[PDB]
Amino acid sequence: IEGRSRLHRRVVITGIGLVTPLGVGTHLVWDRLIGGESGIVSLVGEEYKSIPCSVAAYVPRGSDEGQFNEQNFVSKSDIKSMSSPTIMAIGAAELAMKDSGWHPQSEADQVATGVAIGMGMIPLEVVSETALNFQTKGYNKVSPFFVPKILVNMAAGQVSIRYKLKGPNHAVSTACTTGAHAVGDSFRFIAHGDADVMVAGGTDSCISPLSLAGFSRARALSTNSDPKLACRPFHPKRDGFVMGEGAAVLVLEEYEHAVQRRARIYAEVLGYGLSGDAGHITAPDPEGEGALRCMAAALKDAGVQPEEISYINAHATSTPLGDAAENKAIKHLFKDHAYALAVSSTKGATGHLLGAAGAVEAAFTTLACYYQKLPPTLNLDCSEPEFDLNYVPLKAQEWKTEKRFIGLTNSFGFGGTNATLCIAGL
C-alpha cells in the first residue's frame, strides 16, 4: 500500500574524545579553546621549500598531560601496521569511551555498540614510500599490511577490533564533511534501532610536503607566513585555510539506555541535514544555496524553527569565497533572527582538521550546549560591512537562556557535499 510509521528513538551524546592541535583530552582542549588558544605553527624544514603555504596545525606529541603519546594507545608492533590517522582515531575513541563510561564486555553490549569513523584522505606518504620500495627492492619488500594500512575504513575497523564493537561498522569519506556525516549517520542508526551506542567521528593526519603542495595547487591554503595571523575566519584579510590533523570521537547513545545506566549526558542530537551544491568541485555556491538547504533540512529533521537557534558553529575555514557564502546562507535562512544568534568558527584555534573537522566542531557545539558558553573566532579584530553578525570575536561569550539552548554545526567539503547537525542542551 504505502509507508507505515516506525519508532524514531532519541539520541544523546555521553562521551567525547579529542586528539587535536590544541592538545589531547576533551576538557583540557575545551579550556584552551575557551581561553583563546591556538595550535597553528610555522612549518619547519627544507622539504617545505617551494610550497606557497608555510603554516599548519599539528597534534602536540610527547609524554606531558595534554600531549599525544601513541604508545599510550597502541603497541610498537601495531604502530608499524596502522596509519597515523588510524592511531589518532584509536586514541580519541579510547578517550571518548572513558569519558562515556562505556566499555562493552558482554556479547549483548558488544553487538549493541557500533562504530562510524570516517577519514577524509588516504595516508599519501604510506602509498608513495611503498611504491618506491616496491619499484626499487621488489615484490617481497611490500608489507602484507600495506592494503589494510592504507584503507579509509581501517580507523573504524581497528577501533571495532580493539574495543570489541560488533554493531554497525561504517566509514564515510566525504572530504571536509566526513566528521559531520559520521555523527549524523550514527544518530540515524541509533534512532532507527540498528544500535544502542555508536562510537562516531572523524580522523585525518596527512600533513606532508606532497599534501600541502596538492592543497596549495588547488589554491585552498593560506599563504600567510605568520602562524599567529594566517587563519582568520570572516576577516577582510582571510586568504585560505590552514591544514590541521587530529581525531575527534563522540559516543552517541539511545536516550533511555543512557538514563538507565546513569550516564552523564552532554546534549541531545536533534537533527541532521544533507545537501549538494551541484556546482563546482572545490568552489562553494557563491550564494550559499547548498548551505541554506542543509541547515534547513537539519532544522526540519529536528522539528525546530530557525528562531529557536542560539548558536552556529560555522564551517568558515578562512577563505574569501567560503566564509562569505556561509555568512550569506545564515543571513538568508535566519533573516532578522541572524542578528539574535551567535556564530563562531573555531578553525582559528584548531586549524582545519579535514575529515575530523566536522566531528571536532560537533564536539565543540555539544560542549557549548552543555556549558551555555561560546568559543571565540580568533583574529577577528575588524570586519567588512557584509560581516555584520555576532561572530564571538576574540573572546569567549556566555550565552545564557532559560529556553532550550539549540545549536547548529555546519561542514562543507570539496565535491559540494554539505551537512549540518542540530544539537541541543537537556
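Throughout, we count residues from 1 along the sequence that is shown. Note that the rigid core is defined as the largest set of C-alphas that superpose within 1.5 Å between two forms.
Greater C-alpha displacement in 4 other deposited structures of this protein (rigid core superposition, RMS over structures and residues), of 137-145 versus 231-239: 137-145.
Averaged as a root mean square over residues and superposed structures in 4 other deposited structures of this protein, CA distances to the shown form are larger in 155-163; the pair compared was 155-163 and 191-199 with a core fit. In this entry, 114-122 shows the higher mean Cα temperature factor of the pair 179-187 and 114-122. Across the two stretches, 44-52 and 391-399, the PDB entry reports the greater mean Cα temperature factor for 44-52. Listed residues 264, 170, 166, 228 were ranked by CA B-factor as deposited; 228 comes out on top. Taking the PDB entry at face value, the top CA B factor among 270, 79, 159, 297 belongs to 79. Sorting the modelled residues of the chain by their CA temperature factor places residue 192 in the middle third. When all modelled residues of the chain are sorted by CA temperature factor, residue 254 is found within the lowest third. Sort the modelled residues of the chain by CA B factor and residue 25 lands in the highest third.
Among the modelled residues of the chain, residue 63 sits in the highest third by CA temperature factor in this PDB entry.
Ranked by C-alpha B-factor against the other modelled residues of its chain, residue 202 falls in the lowest third.
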